[PDB]
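Coordinate analysis (summary)
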Amino acid sequence: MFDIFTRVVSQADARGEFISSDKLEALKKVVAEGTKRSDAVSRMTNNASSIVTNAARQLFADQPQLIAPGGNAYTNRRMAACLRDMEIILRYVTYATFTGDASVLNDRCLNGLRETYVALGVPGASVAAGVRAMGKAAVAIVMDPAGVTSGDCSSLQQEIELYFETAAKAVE
Amino acid sequence: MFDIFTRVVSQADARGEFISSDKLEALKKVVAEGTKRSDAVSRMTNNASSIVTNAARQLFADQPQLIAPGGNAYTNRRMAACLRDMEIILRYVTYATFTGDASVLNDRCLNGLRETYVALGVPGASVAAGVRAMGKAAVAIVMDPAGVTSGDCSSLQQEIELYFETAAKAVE
Amino acid sequence: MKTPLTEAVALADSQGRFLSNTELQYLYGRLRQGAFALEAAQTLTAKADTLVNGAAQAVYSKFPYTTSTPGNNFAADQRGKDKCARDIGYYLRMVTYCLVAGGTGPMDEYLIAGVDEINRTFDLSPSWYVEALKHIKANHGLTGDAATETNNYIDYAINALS
Amino acid sequence: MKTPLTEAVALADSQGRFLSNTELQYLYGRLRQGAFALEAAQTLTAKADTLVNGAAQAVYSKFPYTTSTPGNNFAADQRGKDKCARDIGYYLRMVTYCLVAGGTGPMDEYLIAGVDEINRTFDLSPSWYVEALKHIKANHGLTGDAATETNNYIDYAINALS
Amino acid sequence: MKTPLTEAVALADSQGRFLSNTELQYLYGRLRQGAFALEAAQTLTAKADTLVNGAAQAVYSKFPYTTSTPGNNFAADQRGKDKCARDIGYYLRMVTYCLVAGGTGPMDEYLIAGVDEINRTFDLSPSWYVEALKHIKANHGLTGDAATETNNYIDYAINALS
Amino acid sequence: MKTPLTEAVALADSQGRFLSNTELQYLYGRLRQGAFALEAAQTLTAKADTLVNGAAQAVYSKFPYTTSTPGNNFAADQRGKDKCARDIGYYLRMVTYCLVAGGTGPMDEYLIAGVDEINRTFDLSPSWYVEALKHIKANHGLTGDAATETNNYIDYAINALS
Ligand SMILES: CCC1=C(C)/C(=C/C2=NC(=C\c3[nH]c(/C=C4\NC(=O)[C@H](C)[C@H]4CC)c(C)c3CCC(=O)O)/C(CCC(=O)O)=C2C)NC1=O
Ligand SMILES: CCC1=C(C)/C(=C/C2=NC(=C\c3[nH]c(/C=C4\NC(=O)[C@H](C)[C@H]4CC)c(C)c3CCC(=O)O)/C(CCC(=O)O)=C2C)NC1=O
Ligand SMILES: CCC1=C(C)/C(=C/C2=NC(=C\c3[nH]c(/C=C4\NC(=O)[C@H](C)[C@H]4CC)c(C)c3CCC(=O)O)/C(CCC(=O)O)=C2C)NC1=O
Ligand SMILES: CCC1=C(C)/C(=C/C2=NC(=C\c3[nH]c(/C=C4\NC(=O)[C@H](C)[C@H]4CC)c(C)c3CCC(=O)O)/C(CCC(=O)O)=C2C)NC1=O
Ligand SMILES: CCC1=C(C)/C(=C/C2=NC(=C\c3[nH]c(/C=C4\NC(=O)[C@H](C)[C@H]4CC)c(C)c3CCC(=O)O)/C(CCC(=O)O)=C2C)NC1=O
Ligand SMILES: CCC1=C(C)/C(=C/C2=NC(=C\c3[nH]c(/C=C4\NC(=O)[C@H](C)[C@H]4CC)c(C)c3CCC(=O)O)/C(CCC(=O)O)=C2C)NC1=O
Ligand SMILES: CCC1=C(C)/C(=C/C2=NC(=C\c3[nH]c(/C=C4\NC(=O)[C@H](C)[C@H]4CC)c(C)c3CCC(=O)O)/C(CCC(=O)O)=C2C)NC1=O
């Protein structure tokens, strides 16, 4: 919904004045690095499903009480529900880093993630640790170049790290 | 250049009487364990190449200077010569446990080797670490049993550790 | 939960009627099934460890490569063997629950809902558990109505599995 | 039928609006993709026979047992080898259509809709075609924007396949 | 030309002295060797044809890019695979000659002295013949002492190649 | 240590003769060489980083079994590809040194003398560096006389490797 261009537009409309020149220089920097947004989104959407399985792999090696009967992730239906939750969480991370604004992820996950997880009985600790490990693996596959022309990517690293910590403190 | 049989011979000659009975029990049990000894040597020289590359690969993982530029084993013929030296030290320690005596080892290869490595500029402690790791793999290759009758080779595990240790301490 | 009493209750709930005589016959059929299903579950629980052990060993001899190649689904080392034997023990325990419940409901809810999806995302093969269940249905060695009712549950799991 | 022009048309149909400038930018992006996608499809069509032949050979060396055991999915005799090579040729042709269409639509409609279901009912394994596509994406040997756009399509097929 | 007898003759010739007591033992120690060695050469002659066919199977299954990629060195077509049967048959025959002679001299003379330039100029990766000799040493199934002698034997072959 | 000047000194030195007119010509013929050679070394220094990245791309596209098959020599994971960047960067830097010195002596001293045992013991197929140097000699885009020198140059590299 809200893009960083539309973020600047909404600030300039709340002020009701024309946009400042230095903010337009910041937007010139943004459109200069839009190809690196493309590089990162393409890279992690290439490997996304394997990242989801590896995150569930570290979660289920870490906490065997979830696989254990009576656990919340025990049943086959609930296991598919778990992988559904992680897949759509990584999907909204990809949405947010494609848009550049966290408003998509916030306005479509922050609202009811905690709510569903306390209402169902879902332990929010496991989802928080899982989205943290998934974010570490996502930075790991994004940052290292494999046959890719070299450049700096620290701002993007900061951006997806912020997106995954907003997810982590969303579910808690 | 001395077999342990002619070690007993030369010691009894410097004494100057016949070989005593206690040395003959010892030599008979040498004959009963030399079976273990000789082909302990050949199973050590079975995987001698893979032992050499594994010890060198571990050494250049432990000390990244030796494949860094300016290091001692950096250029291609110096690296090949270092592989040649490690193969030579393994082959001579193999000869020494075939003779059953460390006299071939201290006599054929170790003695001027200390001065050679000092005068070349070659590090000696790196060689010491290499021969120690090579000796660990060496007994275990011989020690582990694949298609061989179970037997007590403890002396072999023992004596080959002594021979590798003399090699590494005489390199220094 | 596929239970003929509860399925009858769900039917009469959807109709909004009181209890009809169809439901009385349904109860009669459930008692007729249980009168041997309980003893069959008893001897299955007696045999269960030898069943899952022979089934795991038979699947390992059935495909040598899962023992051979190092992989994440396959049992290269012993932890994969433990997870594999845990899975077949889970399967046989679902079979016992499916038998004692009178319907496919424990099987349906606890296995059949997402088995092929986790087999897809973990790159498992269902044919492993198919031939495992074939070894179990060859190994239980029972006779009578109870034997073929259990065999019906087992091949239901096979058909829904593949 | 994932085609960015047609997806833009479907969007403006759902909005009920005329053509907006967003769609003009969408057309610009499609032309930017096609300006190397067509030449990439050309060299892929040039390389295609060697690609599918090396991919079949590499999958056969990748798992020796499909050549070994007599089975119905596996290539015991030569007819299974023909069906296997037909399948990888089908895969690579879908990749070329997916490239030339500008989106995943030919892939989606022609493979992704029921691939895991026929793999379930025929007891195939998708990992065979996964490692086949890995060999193809290792073998095409291209550089530039076209190479990674094709590689993106290939790993999309890999991710949806597994 | 390394057999124990010719090396005893070479030692006595280089020293200029006739054979001593130590020289005599050499041949009755060639009894500990030869009393199994001639048996093992005969049973290798019997095992030979299935050994080369299985070694070709193992080399093609380990490296599928040989059977896939078109080239002169690679066995894409028939005549390349015929060259492979020739090469592995030569290796197995040199193993049999090396076993009958008692020393590595036939194998060291007929194979080892030029293998580095041939593998350099003709693009024959030696890891292929590593696979072939490892498959032979796994598949030959020799019994007792004969098997161990060959193993030291076949490891010398791999060490010359690697 | 092959530069034309040190070989003139070695000839005069081996002979024991004083410097002569024949030796002198080499110096102003090293002008026909060096007047482009230092330019070409600078433009190779500029071209260097995209040259190694494209050569790694070409080697991975020619041989997909390197990026696929797990091994120490093969570049399956990251650290193998880092070793590849190191190796091709070493090759390109020796080409630049060989270009600045005027003769093959830096390249013949720093690369060629041990490459046969390293490729034998460490399982590095030299056709990989054949691909790398052929991609470099196609991609460097040298102009006129400088380009001709490199071909004689880079062909000597391939001839030492093959
Ligand atoms: C688009 C934004 C969006 C999100 C993120 C979302 C999540 C969501 N996750 C759910 C369940 C779930 N989520 C989990 C999660 C886990 N399993 C565990 O034990 C771990 C703690 C964690 C593993 C990752 C489980 C087991 C269920 C099923 C709960 C149940 O069966 O009641 C449900 C209940 C519905 C269902 O049964 O599928 C919703 C609505 N819904 C949305 O609309
Ligand atoms: C999806 C199909 C598709 C891809 C892949 C695509 C990629 C792409 N990445 C690019 C640049 C770039 N992309 C990167 C990004 C990176 N480099 C790194 O070292 C990091 C590991 C990584 C960031 C995570 C950098 C650093 C540049 C060049 C300079 C810059 O723009 O920052 C460029 C500009 C010119 C070029 O380098 O080719 C393109 C076209 N365009 C497409 O249509
Ligand atoms: C029979 C016993 C015997 C031994 C042991 C022996 C050693 C020996 N090692 C040498 C060199 C070498 N030795 C090494 C050693 C190593 N590289 C490292 O970085 C490590 C510190 C160490 C590996 C353990 C290197 C790099 C050279 C080459 C130095 C040079 O040739 O310039 C040389 C100089 C000749 C040459 O190979 O170029 C001799 C004579 N010679 C003998 O006759
Ligand atoms: C009550 C019914 C029920 C079943 C059956 C069930 C199975 C089940 N098996 C799993 C994994 C697994 N399953 C296997 C099994 C095998 N690999 C092999 O060698 C054998 C052929 C096979 C033994 C059957 C392995 C190796 C894993 C872990 C996959 C991996 O390690 O990444 C997982 C993923 C979580 C995990 O163990 O680590 C589930 C949920 N869960 C259930 O709730
Ligand atoms: C355009 C996209 C597209 C694809 C890919 C496709 C695949 C496809 N492969 C099939 C079967 C098959 N696929 C295989 C394949 C294999 N067994 C092996 O040895 C190899 C590992 C593997 C080669 C990939 C075999 C053996 C069959 C027949 C199964 C059997 O004979 O019963 C079938 C069932 C109908 C039939 O051939 O007889 C379909 C529909 N169809 C499509 O429309
Ligand atoms: C007695 C000892 C002996 C050895 C070791 C030997 C090796 C040898 N192998 C050759 C060819 C060959 N050897 C192979 C075999 C293989 N290449 C591959 O890629 C496969 C993986 C492998 C099959 C195992 C092939 C395909 C050629 C063909 C080269 C050509 O046709 O140019 C040639 C060229 C001769 C010719 O043109 O027929 C020699 C000399 N020849 C000998 O006489
Ligand atoms: C200055 C001249 C010079 C040359 C020629 C040279 C070759 C060389 N390449 C090596 C490793 C390597 N080189 C490669 C590169 C490749 N292998 C492949 O399979 C790819 C196709 C290819 C990428 C192009 C790899 C993967 C290794 C790793 C070996 C290992 O980790 O054991 C090593 C082992 C040293 C180490 O462990 O880092 C040497 C000595 N080194 C030099 O100093």
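As recorded in the PDB header, cryo-EM is the method behind this entry, and the stated resolution is 3.5 Å.

In the nomenclature of the PDB entry, chain C corresponds to C-phycocyanin subunit alpha from the organism Synechococcus sp. PCC 7002. The deposited PDB record carries the title "Cryo-EM structure of cyanobacterial phycobilisome from Synechococcus sp. PCC 7002". Entered under Function in the UniProt record, the comment concerning chain C runs "Light-harvesting photosynthetic bile pigment-protein from the phycobiliprotein complex (phycobilisome, PBS). Phycocyanin is the major phycobiliprotein in the PBS rod." Per UniProt, chain C carries the Sequence similarities text "Belongs to the phycobiliprotein family."

Under the annotation held in the PDB entry, chain A carries the name C-phycocyanin subunit beta and is attributed to Synechococcus sp. PCC 7002. Heading Function of the UniProt record for chain A holds this comment: "Light-harvesting photosynthetic bile pigment-protein from the phycobiliprotein complex (phycobilisome, PBS). Phycocyanin is the major phycobiliprotein in the PBS rod." Turning to chain A, the UniProt annotation filed under Subcellular location states: "Cellular thylakoid membrane".

**Let's talk about the overall build of chain A**
Helix and strand content of chain A: nine helices and zero strands. Counting from the amino terminus, chain A carries its helices and strands in the arrangement α-α-α-α-α-α-α-α-α. Overall size of chain A, expressed as C-alpha extent along the three principal axes, is 60 × 40 × 20 Å. Counting all 172 residues of chain A, 40% fall into the buried class.

**Section: the interface of chain F and chain B**
Counting residues at the interface gives 15 residues for chain F, matched by 11 residues for chain B. When the two sides are added together, the surface that chain F and chain B hide from each other amounts to roughly 1,000 Å², 60% of it contributed by carbon and sulfur. Inspection of the chain F/chain B interface yields two residue pairs in polar contact. Looking at the side of chain F that touches chain B, the elements with two or more residues in it are helix 4 (78-101), helix 5 (105-112) and helix 6 (115-121) of chain F. The element best represented in the side of chain F that touches chain B is helix 4 of chain F, accounting for five residues. Tallied by class, the residues present in the side of chain F that touches chain B amount to eight nonpolar, three polar and four charged.

**Digging into the arrangement of the chains**
The interface with the most contacts, out of nine pairs of chains in contact, is the one formed by chains B and F. No interface is formed between chain B and chain D, the nearest pair of C-alpha atoms being 25 Å apart. The two units chain A and chain E are non-contacting; their minimal C-alpha-C-alpha distance is 22 Å.

**Concerning the site of ligand 5**
Residue and element names in this part refer to chain D. Surveying the vicinity of ligand 5 reveals 19 residues, the closest of which are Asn-72, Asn-73, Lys-83, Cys-84 and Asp-87. The fraction of the free accessible surface of ligand 5 (890 Å²) that becomes covered by protein chains is 79%. Within the residue set of the shell around ligand 5, elements represented by two or more residues are helix 4 (78-100), helix 5 (105-112) and helix 7 (126-139). Examining the composition of the shell around ligand 5, we find that eight residues originate from one element, helix 4, more than from any other. Here the residues of the shell around ligand 5 sort into 12 nonpolar, three polar and four charged.

**Let's talk about the relation of the copies chain D and chain C**
Of the transformation superimposing chain D on chain C, the axial component is 0.4 Å and the angular component is 180°, with the fit at an RMSD of 0.0 Å. Here the symmetry operator amounts to a two-fold rotation axis. Within chain D, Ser125(D) has its C-alpha nearest the rotation axis, a separation of 3.5 Å. A share of 100% of the interface residues of chain D reappears at the interface of chain C, consistent with the copies meeting face to face through the same patch.

**Looking at the UniProt feature "binding site: (2R,3E)-phycocyanobilin 1" in chain A**
The residues that UniProt annotates with the feature "binding site: (2R,3E)-phycocyanobilin 1" are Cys82(A). Assignment of secondary structure puts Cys82(A) in helix 5 (residues 76-99).

**Quick notes on unusual backbone geometry**
Residue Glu172(B) is not a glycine yet carries a positive backbone phi of 50°. Note on placement: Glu172(B) falls in the segment after helix 8 (154-171). Residue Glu172(B) is classed as exposed on the basis of its relative accessible area, which comes to 56%. Of note, the phi angle at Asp123(F) is positive, near 60°, even though the residue is not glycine. Tracing the backbone through its elements, the reader meets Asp123(F) in the loop between helix 6 and helix 7 (126-139).

**Re the interface of chain D and chain C**
Between chain D and chain C, the residue contacts involve seven residues of the former and seven residues of the latter. Both sides together, the interface formed by chain D and chain C hides about 830 Å², and carbon and sulfur atoms give 54% of it. In this structure, the connection of chain D to chain C is made through zero salt bridges. In this structure, the connection of chain D to chain C is made through zero residue pairs in polar contact. Residues belonging to the side of chain D that touches chain C are distributed by class as follows: two nonpolar, two polar and three charged.

**Topic: the UniProt feature "binding site: (2R,3E)-phycocyanobilin 2" in chain A**
All names here are of chain A. UniProt annotation of "binding site: (2R,3E)-phycocyanobilin 2" refers to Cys-153 when read in the numbering used here. Tracing the backbone shows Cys-153 in the loop between helix 8 (124-143) and helix 9 (154-171). For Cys-153, a relative accessible area of 18% translates into the label buried.

**Section: helix 7 of chain F**
Residue and element names in this part refer to chain F. When the terminal C-alpha atoms of helix 7 are compared, their 20 Å separation across 14 residues agrees well with the 20 Å that a helix rising 1.5 Å per residue should span. Its buried side turned inward, helix 7 meets helix 2 (21-62), helix 3 (64-68), helix 4, helix 6 and helix 8 (145-161). Just past helix 7, the residue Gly-141 takes up positive phi, approximately 55°.

**A few points about a nonpolar patch on the surface**
All names here are of chain E. Together, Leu-5, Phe-18, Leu-19, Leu-24, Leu-27, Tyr-28 and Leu-31 make up an exposed nonpolar region whose accessible area comes to about 790 Å². Looking at the nonpolar patch, the element that brings in the most residues is helix 2 (residues 21-62), giving four residues. Residue position: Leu-24 is located in helix 2. Overall, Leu-24 belongs to the partly exposed group, its relative accessible area being 45%.

Reading the values: the criteria
Within every chain, numbering proceeds from 1 in written sequence order, not necessarily in step with the numbering of the entry, and residues without coordinates do not appear. Chain letters start at A and ligand numbers start at 1, both assigned in the order the entries are written. Any value reported refers to the chains on display, which are one part of a larger assembly. Only hydrogens and water are removed before side-chain values are computed, so all heavy atoms of the structure are retained for them. UniProt positions are given in the numbering used here, feature names are shortened, and annotations may be inferred rather than shown by experiment. A run of DSSP states H or I qualifies as a helix once it reaches four residues; a run of E qualifies as a strand once it reaches two. Both are numbered from the N-terminal end. Per-residue accessibility, obtained with a 1.4 Å probe over protein chains only, is compared with the maximum for each type, and a residue is labelled buried under 20%, exposed over 50%, and partly exposed between these values. In this analysis, two residues are considered to be in contact whenever any of their non-hydrogen atoms come within 4.5 Å of each other. Here the quantity called buried area is the total loss of accessible area, with a 1.4 Å probe, experienced by two parts when brought into contact, counted for both. Under the rule applied, a polar contact is a pair of N or O atoms within 3.5 Å (in protein, one hydrogen donor and one hydrogen acceptor; residues adjacent in sequence only if both atoms are side-chain atoms). Any residue that is not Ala, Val, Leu, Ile, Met, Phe, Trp, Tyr, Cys, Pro, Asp, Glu, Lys or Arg is counted as polar, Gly included; the first ten are nonpolar and the last four charged. What makes a residue near a molecule or strand is one non-hydrogen atom of that residue sitting within 4 Å of it. Residue exposure ignores everything except the shown protein chains as possible cover, and the areas themselves are Shrake-Rupley values with a 1.4 Å probe. Superposing the copies is done by minimising, in the least-squares sense, the deviation of their C-alpha atoms. Throughout this description, the term salt bridge denotes a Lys or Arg side-chain nitrogen within 4 Å of a carboxyl oxygen of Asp or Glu. Each residue after the first adds 1.5 Å to the expected span of a helix. Put simply, a patch holds well-exposed residues, over 30% relative accessible area, that have no salt bridge, with like charges counted together within 9 Å and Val, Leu, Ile, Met, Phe, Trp or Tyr side chains within 5 Å.

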